[PDB]
Amino acid sequence: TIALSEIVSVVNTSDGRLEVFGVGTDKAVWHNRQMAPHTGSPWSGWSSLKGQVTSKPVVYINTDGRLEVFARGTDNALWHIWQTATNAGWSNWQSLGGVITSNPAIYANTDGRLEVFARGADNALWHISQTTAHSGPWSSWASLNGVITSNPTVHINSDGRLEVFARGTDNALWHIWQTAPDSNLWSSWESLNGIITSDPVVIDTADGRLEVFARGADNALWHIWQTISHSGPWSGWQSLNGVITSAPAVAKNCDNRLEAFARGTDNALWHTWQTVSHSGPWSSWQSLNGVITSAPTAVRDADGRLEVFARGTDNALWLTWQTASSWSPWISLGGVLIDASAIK
Amino acid sequence: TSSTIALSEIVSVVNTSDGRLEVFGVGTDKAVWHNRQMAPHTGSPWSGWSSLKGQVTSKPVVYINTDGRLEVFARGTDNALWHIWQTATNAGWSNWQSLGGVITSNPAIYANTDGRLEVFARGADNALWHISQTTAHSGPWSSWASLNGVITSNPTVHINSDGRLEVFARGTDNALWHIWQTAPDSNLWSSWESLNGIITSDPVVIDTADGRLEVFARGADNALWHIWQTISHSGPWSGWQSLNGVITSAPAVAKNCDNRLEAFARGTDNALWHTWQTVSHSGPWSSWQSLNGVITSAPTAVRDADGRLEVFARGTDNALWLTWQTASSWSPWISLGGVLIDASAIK
Ligand SMILES: CO[C@@H]1C[C@@H](C[C@@H]2O[C@@H](C)[C@@H](O)[C@@H](O)[C@@H]2O)[C@H](O)[C@@H](CO)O1
Ligand SMILES: CO[C@@H]1C[C@@H](C[C@@H]2O[C@@H](C)[C@@H](O)[C@@H](O)[C@@H]2O)[C@H](O)[C@@H](CO)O1
Ligand SMILES: CO[C@@H]1C[C@@H](C[C@@H]2O[C@@H](C)[C@@H](O)[C@@H](O)[C@@H]2O)[C@H](O)[C@@H](CO)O1
Ligand SMILES: CO[C@@H]1C[C@@H](C[C@@H]2O[C@@H](C)[C@@H](O)[C@@H](O)[C@@H]2O)[C@H](O)[C@@H](CO)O1
Ligand SMILES: CO[C@@H]1C[C@@H](C[C@@H]2O[C@@H](C)[C@@H](O)[C@@H](O)[C@@H]2O)[C@H](O)[C@@H](CO)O1
Ligand SMILES: CO[C@@H]1C[C@@H](C[C@@H]2O[C@@H](C)[C@@H](O)[C@@H](O)[C@@H]2O)[C@H](O)[C@@H](CO)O1
Ligand SMILES: CO[C@@H]1C[C@@H](C[C@@H]2O[C@@H](C)[C@@H](O)[C@@H](O)[C@@H]2O)[C@H](O)[C@@H](CO)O1
Ligand SMILES: CO[C@@H]1C[C@@H](C[C@@H]2O[C@@H](C)[C@@H](O)[C@@H](O)[C@@H]2O)[C@H](O)[C@@H](CO)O1
Ligand SMILES: [Cl-]
Ligand SMILES: [Cl-]
Ligand SMILES: [Cl-]
Ligand SMILES: [Cl-]
Ligand SMILES: [Cl-]
Ligand SMILES: [Cl-]
Ligand code: NA
Ligand code: NA
Ligand code: NA
């Protein structure tokens, strides 16, 4: 098991509008986007990209601006659908084959080739890549071994080497990395210890260090990081306190202060944030109210403000964002969303 | 046909792989020197100046590879394009090496969507020539090739929100001209096209929060002018609009935390002045305001790791001086020392 998942995948697109992808009651992928590149913009409303999915769908932006959505299909293969251009429509759904048993995790190599990581039926971490920048065709599937028990998450280091994180069979946080950018050469699997009870969430700090967040065995939010830009040694685990009842979501304010969000024991949204600067101490947890039924999903918009999405008690997606003085009242974006996470 | 441009910037600035500001300029010895923040925060102490040696006959221009490695390009004493690079991300530097060619402008650099750096410069024949890395963030480099044209300023390159590189330069009729890749990563380019106007500076290009290119340049009336792609990207640009002012240097433009553009230029009194969008990145421009100082170059503007604009400019003592945004105002001008010269291949 893992902490309740994020229900949507969201990005700030090439034209500065937020765009969210979720799964409907019909198992199709639906999406919704801002009309305008600003906090409080009207929304398109929900429209279906069709498909039938059996994981969380995850959107990623190609290095040419085009959105591409990845999800497991009803045959357990990895499937995908992409924009034909940044302000045009979408391709047909296409299979990338394989048999997978987690949500896909996606990142762009420094050379522009997307690389997708997913758990296999043998519980090892598998991967596949675009053979040339922001384009098909793709490589064949290969394994990076291990035995993982959570959805994997990938990020890139400040020197260009991808690094993948996942919970191990001992419930510790484990990781593996490219030994050079764009490479098929990887390190050994190594343990960062800890006991984690959510999927990991990985971010890069302003000063070039990977930092991972997860719920711990005590249901507090815990975090651990590289002590040097793109290098070990790692810190020990440190608690950010709280008692959280979902996965956390983390995003950067426009000044690079990190801010974490999670559902609390009263089912409200709560958050804690760095104060003063991106090197400063973390605040106490404070409530943003609401009554939520998923983990929150956080993103910085084109006005440099954080916006947070979460499924509501009616199964619609609701939204709250930063104001000068505070946060805005919760508003509904409608829809009926389900948690399709391949690992729960 | 103009053979001059507004006074240039004195340094090339970059945000490092670990979020620090690092600047590059030319010493009185004609070597490339550099200076960086100790820490990624507004008001950090600086390392002080250290030499990367070389002997340059252009402005040296830094760019950051997609693997985090800094790379500096400069015209050499033999008029070839030369470069020097970090051998590892944020660590040691290579020796200077020649990429050949015969160039007659400062170089301008961008990364393609596939991670290949591509360098543009005016040639001996006055056309725009170009050369690229053959593989992502690595040598060896391609053959030199021409994009034709006849150009009379330093070129400036930027990338479209769909990954197509686009180069801008002054033409023989003093207008702003441009040329673009027809696909990302490609050697297929459009023809040269005119955006009209009269420009009296190098063009300055940026990408807005909503994914459009916008170009700024001093006009024939010495005001700051700008022009932009439209939201439909359908061929037409906006037509030129004045931001007024009377400026005596090239402009610098950067994005604030919230993506509001902000422009900087020297005034008739040799102070730094600035004008900014208000409310949002779609908002209207303010009137000009002085940031005082007495400066002897164009300003160079950049946003730091705390989300604050920092602005550098050469001072009356030929040292590099610096002022930054505070919550309230802007900080007093402070000196980073050094003795810098303007080595621009076109002035
Ligand atoms: C007419 O069928 C094609 C393939 C469908 C893809 C569906 O969705 C995929 C993700 C997989 O789950 C497939 O098993 C599933 O059929 C897709 O939904 C449909 C409409 O866009 O086109
Ligand atoms: C002794 O074998 C080492 C470490 C293994 C890591 C495995 O996968 C990790 C992610 C954890 O679940 C571990 O508990 C588990 O043994 C790993 O699979 C193996 C081959 O790559 O080498
Ligand atoms: C006075 O009530 C409003 C709406 C509440 C929103 C709640 O939380 C939302 C996220 C949804 O789940 C709604 O169905 C749910 O009622 C919200 O918590 C409250 C906080 O001041 O104001
Ligand atoms: C008037 O109905 C439209 C389409 C609805 C789409 C809903 O939300 C989608 C995500 C799927 O779950 C659909 O099955 C579900 O009906 C959506 O709930 C509603 C919100 O105002 O607008
Ligand atoms: C002893 O010479 C080598 C290459 C030199 C590069 C110099 O600087 C380059 C940028 C070019 O202008 C060359 O023509 C010029 O020689 C460089 O300055 C020197 C470092 O001490 O080593
Ligand atoms: C026969 O001339 C056309 C347009 C030329 C563009 C040139 O280069 C431009 C940048 C401007 O300076 C123009 O005034 C100049 O003629 C261009 O060089 C030539 C070859 O492609 O075709
Ligand atoms: C198609 O462009 C022309 C020239 C423009 C003015 C010129 O171009 C501007 C950029 C400045 O340099 C001005 O001083 C100069 O007069 C002028 O703004 C415009 C009038 O509609 O038409
Ligand atoms: C009442 O005159 C002021 C100064 C003008 C700014 C001009 O442009 C600035 C950038 C500097 O060069 C100034 O010295 C120059 O006067 C400014 O544009 C004008 C707006 O009404 O008010
Ligand atoms: Cl759990
Ligand atoms: Cl992305
Ligand atoms: Cl001039
Ligand atoms: Cl305006
Ligand atoms: Cl004033
Ligand atoms: Cl000088
Ligand atoms: Na964006
Ligand atoms: Na393998
Ligand atoms: Na000249």
# chains A, B, ... in the order shown; residues from 1 in each chain; ligands from 1

$ residues_around --residues "residue B:201" --least-positions-apart "5" --cutoff "10 Å" --atoms "only C-alpha atoms" --output "PyMOL selection string"
chain B and resi 4-8+153-154+169-170+174+216-220+222+224+248-251+347

$ interface_residues --of "chain A" --to "chain B" --cutoff "6 Å" --atoms "only C-alpha atoms" --output "VMD selection string"
chain A and resid 14 to 16 63 to 65 110 to 112 133 158 to 160 206 to 208 254 to 255 302 to 304

$ write_last_selection --atoms "N, CA and C atoms" --output "PDB file, in the first residue's frame"
ATOM      1  N   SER A  14       3.573  25.447 -23.009  1.00  0.00           N
ATOM      2  CA  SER A  14       4.462  26.388 -23.752  1.00  0.00           C
ATOM      3  C   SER A  14       3.869  27.777 -23.965  1.00  0.00           C
ATOM      4  N   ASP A  15       2.553  27.875 -23.935  1.00  0.00           N
ATOM      5  CA  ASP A  15       1.888  29.174 -24.047  1.00  0.00           C
ATOM      6  C   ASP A  15       1.424  29.694 -22.659  1.00  0.00           C
ATOM      7  N   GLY A  16       2.022  29.162 -21.589  1.00  0.00           N
ATOM      8  CA  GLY A  16       1.756  29.661 -20.235  1.00  0.00           C
ATOM      9  C   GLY A  16       0.405  29.404 -19.644  1.00  0.00           C
ATOM     10  N   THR A  63      10.732  18.587 -25.689  1.00  0.00           N
ATOM     11  CA  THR A  63      11.641  19.721 -25.734  1.00  0.00           C
ATOM     12  C   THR A  63      11.300  20.665 -26.901  1.00  0.00           C
ATOM     13  N   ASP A  64      10.396  20.269 -27.775  1.00  0.00           N
ATOM     14  CA  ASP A  64       9.780  21.154 -28.779  1.00  0.00           C
ATOM     15  C   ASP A  64       8.429  21.754 -28.358  1.00  0.00           C
ATOM     16  N   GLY A  65       8.076  21.655 -27.086  1.00  0.00           N
ATOM     17  CA  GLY A  65       6.806  22.237 -26.577  1.00  0.00           C
ATOM     18  C   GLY A  65       5.554  21.354 -26.578  1.00  0.00           C
ATOM     19  N   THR A 110      19.075  15.168 -21.712  1.00  0.00           N
ATOM     20  CA  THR A 110      19.625  16.411 -22.124  1.00  0.00           C
ATOM     21  C   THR A 110      19.647  16.567 -23.647  1.00  0.00           C
ATOM     22  N   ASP A 111      19.630  15.419 -24.353  1.00  0.00           N
ATOM     23  CA  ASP A 111      19.572  15.375 -25.792  1.00  0.00           C
ATOM     24  C   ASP A 111      18.130  15.465 -26.352  1.00  0.00           C
ATOM     25  N   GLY A 112      17.128  15.686 -25.478  1.00  0.00           N
ATOM     26  CA  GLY A 112      15.793  15.797 -25.949  1.00  0.00           C
ATOM     27  C   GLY A 112      14.995  14.544 -26.088  1.00  0.00           C
ATOM     28  N   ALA A 133      15.415  13.103 -30.727  1.00  0.00           N
ATOM     29  CA  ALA A 133      14.754  14.124 -29.853  1.00  0.00           C
ATOM     30  C   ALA A 133      13.277  14.271 -30.153  1.00  0.00           C
ATOM     31  N   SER A 158      21.547  18.229 -11.895  1.00  0.00           N
ATOM     32  CA  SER A 158      22.042  19.480 -12.455  1.00  0.00           C
ATOM     33  C   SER A 158      23.216  19.324 -13.458  1.00  0.00           C
ATOM     34  N   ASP A 159      23.776  18.124 -13.557  1.00  0.00           N
ATOM     35  CA  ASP A 159      24.777  17.749 -14.544  1.00  0.00           C
ATOM     36  C   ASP A 159      24.214  16.877 -15.653  1.00  0.00           C
ATOM     37  N   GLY A 160      22.907  16.760 -15.710  1.00  0.00           N
ATOM     38  CA  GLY A 160      22.236  16.088 -16.803  1.00  0.00           C
ATOM     39  C   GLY A 160      21.937  14.616 -16.678  1.00  0.00           C
ATOM     40  N   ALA A 206      17.003  25.079  -6.100  1.00  0.00           N
ATOM     41  CA  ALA A 206      17.609  26.218  -6.862  1.00  0.00           C
ATOM     42  C   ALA A 206      19.118  26.074  -6.952  1.00  0.00           C
ATOM     43  N   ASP A 207      19.716  25.488  -5.919  1.00  0.00           N
ATOM     44  CA  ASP A 207      21.164  25.306  -5.876  1.00  0.00           C
ATOM     45  C   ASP A 207      21.647  23.936  -6.420  1.00  0.00           C
ATOM     46  N   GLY A 208      20.775  23.264  -7.185  1.00  0.00           N
ATOM     47  CA  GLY A 208      21.146  22.136  -8.036  1.00  0.00           C
ATOM     48  C   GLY A 208      21.166  20.745  -7.397  1.00  0.00           C
ATOM     49  N   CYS A 254       8.002  31.211  -7.063  1.00  0.00           N
ATOM     50  CA  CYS A 254       8.758  31.794  -8.191  1.00  0.00           C
ATOM     51  C   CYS A 254      10.128  32.254  -7.698  1.00  0.00           C
ATOM     52  N   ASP A 255      10.219  32.546  -6.411  1.00  0.00           N
ATOM     53  CA  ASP A 255      11.517  32.813  -5.759  1.00  0.00           C
ATOM     54  C   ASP A 255      12.271  31.574  -5.305  1.00  0.00           C
ATOM     55  N   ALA A 302       1.721  30.929 -14.865  1.00  0.00           N
ATOM     56  CA  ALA A 302       2.431  31.960 -15.634  1.00  0.00           C
ATOM     57  C   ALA A 302       2.507  33.319 -14.979  1.00  0.00           C
ATOM     58  N   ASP A 303       1.743  33.550 -13.903  1.00  0.00           N
ATOM     59  CA  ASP A 303       1.927  34.769 -13.062  1.00  0.00           C
ATOM     60  C   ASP A 303       2.875  34.452 -11.873  1.00  0.00           C
ATOM     61  N   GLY A 304       3.488  33.253 -11.860  1.00  0.00           N
ATOM     62  CA  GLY A 304       4.414  32.854 -10.744  1.00  0.00           C
ATOM     63  C   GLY A 304       3.716  32.528  -9.431  1.00  0.00           C
TER      64      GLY A 304
END

$ residues_near_ligand --ligand "ligand 5" --cutoff "12 Å" --atoms "only C-alpha atoms and all ligand atoms" --output "ChimeraX atom specification"
/B:26,29-33,51-61,72-84,93-100

$ residues_near_ligand --ligand "ligand 13" --cutoff "12 Å" --atoms "only C-alpha atoms and all ligand atoms" --output "count of residues only"
15

$ atom_distance --atom1 "atom CA of residue A:126" --atom2 "atom CA of residue A:148"
10.8 Å

$ residues_around --residues "stretch 20-35 of chain A" --least-positions-apart "5" --cutoff "9 Å" --atoms "only C-alpha atoms" --output "JSON list (two decimals) with N, CA and C atoms, in the first residue's frame"
[["chain", "number", "residue", "atom", "x", "y", "z"],
["A", 7, "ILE", "N", -4.53, 12.75, -8.10],
["A", 7, "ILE", "CA", -5.62, 12.32, -9.01],
["A", 7, "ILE", "C", -5.41, 12.92, -10.45],
["A", 8, "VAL", "N", -4.52, 13.90, -10.59],
["A", 8, "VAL", "CA", -4.31, 14.56, -11.89],
["A", 8, "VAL", "C", -2.84, 14.77, -12.10],
["A", 9, "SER", "N", -2.48, 14.87, -13.36],
["A", 9, "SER", "CA", -1.15, 15.28, -13.84],
["A", 9, "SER", "C", -1.34, 16.66, -14.42],
["A", 10, "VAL", "N", -0.48, 17.62, -14.02],
["A", 10, "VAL", "CA", -0.62, 18.99, -14.49],
["A", 10, "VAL", "C", 0.70, 19.60, -14.88],
["A", 11, "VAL", "N", 0.67, 20.37, -15.99],
["A", 11, "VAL", "CA", 1.80, 21.19, -16.38],
["A", 11, "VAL", "C", 1.41, 22.62, -16.79],
["A", 40, "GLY", "N", -6.48, 32.49, -12.06],
["A", 40, "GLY", "CA", -7.91, 32.73, -12.17],
["A", 40, "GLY", "C", -8.50, 32.77, -13.57],
["A", 41, "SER", "N", -7.76, 32.40, -14.60],
["A", 41, "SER", "CA", -8.29, 32.26, -15.95],
["A", 41, "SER", "C", -9.47, 31.32, -16.00],
["A", 42, "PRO", "N", -10.39, 31.59, -16.90],
["A", 42, "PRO", "CA", -11.43, 30.57, -17.15],
["A", 42, "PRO", "C", -10.83, 29.32, -17.70],
["A", 43, "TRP", "N", -11.57, 28.22, -17.61],
["A", 43, "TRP", "CA", -11.13, 26.93, -18.03],
["A", 43, "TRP", "C", -11.95, 26.40, -19.22],
["A", 44, "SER", "N", -11.34, 25.47, -19.94],
["A", 44, "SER", "CA", -11.94, 24.92, -21.15],
["A", 44, "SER", "C", -13.17, 24.08, -20.75],
["A", 45, "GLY", "N", -13.08, 23.46, -19.57],
["A", 45, "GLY", "CA", -14.01, 22.39, -19.15],
["A", 45, "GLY", "C", -13.39, 21.11, -19.62],
["A", 46, "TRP", "N", -13.99, 20.01, -19.18],
["A", 46, "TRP", "CA", -13.42, 18.68, -19.43],
["A", 46, "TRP", "C", -13.78, 18.15, -20.81],
["A", 47, "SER", "N", -12.79, 17.62, -21.51],
["A", 47, "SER", "CA", -13.02, 16.96, -22.82],
["A", 47, "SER", "C", -12.19, 15.70, -22.84],
["A", 48, "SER", "N", -12.69, 14.69, -23.52],
["A", 48, "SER", "CA", -12.09, 13.38, -23.50],
["A", 48, "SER", "C", -11.05, 13.19, -24.62],
["A", 49, "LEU", "N", -9.87, 12.67, -24.30],
["A", 49, "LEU", "CA", -8.93, 12.19, -25.33],
["A", 49, "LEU", "C", -9.18, 10.70, -25.63],
["A", 50, "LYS", "N", -10.27, 10.14, -25.09],
["A", 50, "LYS", "CA", -10.65, 8.75, -25.17],
["A", 50, "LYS", "C", -9.54, 7.84, -24.60],
["A", 51, "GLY", "N", -9.37, 6.64, -25.15],
["A", 51, "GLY", "CA", -8.51, 5.63, -24.56],
["A", 51, "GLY", "C", -9.24, 4.90, -23.43],
["A", 52, "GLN", "N", -8.62, 3.81, -22.97],
["A", 52, "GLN", "CA", -9.09, 3.09, -21.79],
["A", 52, "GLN", "C", -7.83, 2.86, -20.98],
["A", 53, "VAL", "N", -7.70, 3.45, -19.78],
["A", 53, "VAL", "CA", -6.43, 3.37, -19.07],
["A", 53, "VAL", "C", -6.55, 2.60, -17.76],
["A", 54, "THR", "N", -5.42, 2.08, -17.33],
["A", 54, "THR", "CA", -5.32, 1.28, -16.12],
["A", 54, "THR", "C", -4.17, 1.73, -15.21],
["A", 55, "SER", "N", -3.70, 2.96, -15.45],
["A", 55, "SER", "CA", -2.79, 3.66, -14.55],
["A", 55, "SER", "C", -3.20, 5.13, -14.42],
["A", 56, "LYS", "N", -2.51, 5.85, -13.57],
["A", 56, "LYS", "CA", -2.54, 7.29, -13.66],
["A", 56, "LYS", "C", -2.00, 7.62, -15.00],
["A", 57, "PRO", "N", -2.62, 8.58, -15.76],
["A", 57, "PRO", "CA", -2.01, 9.10, -16.95],
["A", 57, "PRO", "C", -1.09, 10.24, -16.55],
["A", 58, "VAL", "N", 0.03, 10.35, -17.21],
["A", 58, "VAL", "CA", 1.03, 11.35, -16.85],
["A", 58, "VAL", "C", 1.38, 12.12, -18.13],
["A", 59, "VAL", "N", 1.26, 13.45, -18.06],
["A", 59, "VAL", "CA", 1.63, 14.31, -19.15],
["A", 59, "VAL", "C", 3.11, 14.73, -18.96],
["A", 69, "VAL", "N", 1.09, 12.36, -23.42],
["A", 69, "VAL", "CA", 0.51, 11.75, -22.27],
["A", 69, "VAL", "C", 0.81, 10.24, -22.33],
["A", 333, "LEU", "N", -13.95, 22.91, -10.61],
["A", 333, "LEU", "CA", -13.78, 22.72, -12.07],
["A", 333, "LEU", "C", -14.66, 21.59, -12.59],
["A", 335, "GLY", "N", -16.39, 17.95, -13.40],
["A", 335, "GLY", "CA", -15.87, 16.63, -13.74],
["A", 335, "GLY", "C", -16.17, 15.58, -12.68],
["A", 336, "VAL", "N", -15.98, 14.32, -13.05],
["A", 336, "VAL", "CA", -16.07, 13.24, -12.12],
["A", 336, "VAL", "C", -14.78, 12.41, -12.30],
["A", 337, "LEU", "N", -13.88, 12.44, -11.33],
["A", 337, "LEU", "CA", -12.57, 11.80, -11.54],
["A", 337, "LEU", "C", -12.38, 10.58, -10.66],
["A", 338, "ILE", "N", -11.62, 9.62, -11.17],
["A", 338, "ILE", "CA", -11.32, 8.46, -10.40],
["A", 338, "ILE", "C", -9.80, 8.33, -10.19],
["A", 339, "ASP", "N", -9.41, 7.58, -9.17],
["A", 339, "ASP", "CA", -7.99, 7.22, -8.96],
["A", 339, "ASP", "C", -7.71, 5.93, -9.70],
["A", 340, "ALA", "N", -7.00, 6.03, -10.81],
["A", 340, "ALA", "CA", -6.62, 4.86, -11.63],
["A", 340, "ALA", "C", -5.21, 4.35, -11.35]]

$ closest_residue --among "A:147, A:176, A:268, A:118" --to "residue A:98" --atoms "only C-alpha atoms"
A:118

$ select_by_dssp --residues "stretch 158-343 of chain A" --states "strand (DSSP E or B)" --output "PyMOL selection string"
chain A and resi 162-168+173-178+186+190-191+196+201-204+210-216+221-228+231-234+238-239+244+249-252+258-264+269-274+282+286-287+292+295+297-300+306-312+317-322+327+331-332+337-338

$ residues_around --residues "residue A:80" --least-positions-apart "3" --cutoff "10 Å" --atoms "only C-alpha atoms" --output "list in words"
residues 51, 57, 58, 59, 68, 69, 70, 71, 72, 73, 77, 91, 92, 93, 94, 95 and 96 of chain A

$ residues_near_ligand --ligand "ligand 6" --cutoff "9 Å" --atoms "only C-alpha atoms and all ligand atoms" --output "list in words"
residues 126, 127, 128, 147, 148, 149, 150, 151, 152, 168, 169, 170, 171, 172, 173, 174, 175, 176, 177, 178, 179, 191, 192, 193 and 194 of chain B

$ residues_near_ligand --ligand "ligand 14" --cutoff "9 Å" --atoms "only C-alpha atoms and all ligand atoms" --output "number ranges by chain"
B: 10, 28, 296-297, 318, 340-343

$ residues_near_ligand --ligand "ligand 16" --cutoff "10 Å" --atoms "only C-alpha atoms and all ligand atoms" --output "PyMOL selection string"
chain A and resi 124-127+141-146+184+186

$ residues_around --residues "residue A:258" --least-positions-apart "5" --cutoff "12 Å" --atoms "only C-alpha atoms" --output "ChimeraX atom specification"
/A:202-206,211-213,223,249-253,271-283,298-300,306 /B:306

$ residues_around --residues "stretch 260-266 of chain A" --least-positions-apart "5" --cutoff "10 Å" --atoms "only C-alpha atoms" --output "NGL selection string"
:A and (4 or 6 or 213 or 215 or 221 or 240 or 242-252 or 271-274 or 282 or 285-298 or 308 or 310)

$ residues_near_ligand --ligand "ligand 9" --cutoff "8 Å" --atoms "only C-alpha atoms and all ligand atoms" --output "compact mmCIF listing (two decimals) with C-alpha atoms, in the first residue's frame"
# COMPACT_ATOMS: atom_id res chain seq x y z
CA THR A 1 0.00 0.00 0.00
CA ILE A 2 0.83 3.68 -0.40
CA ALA A 3 -0.67 7.02 0.76
CA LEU A 4 -3.63 8.24 -1.33
CA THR A 197 4.51 5.05 3.24
CA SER A 198 3.91 7.10 0.05
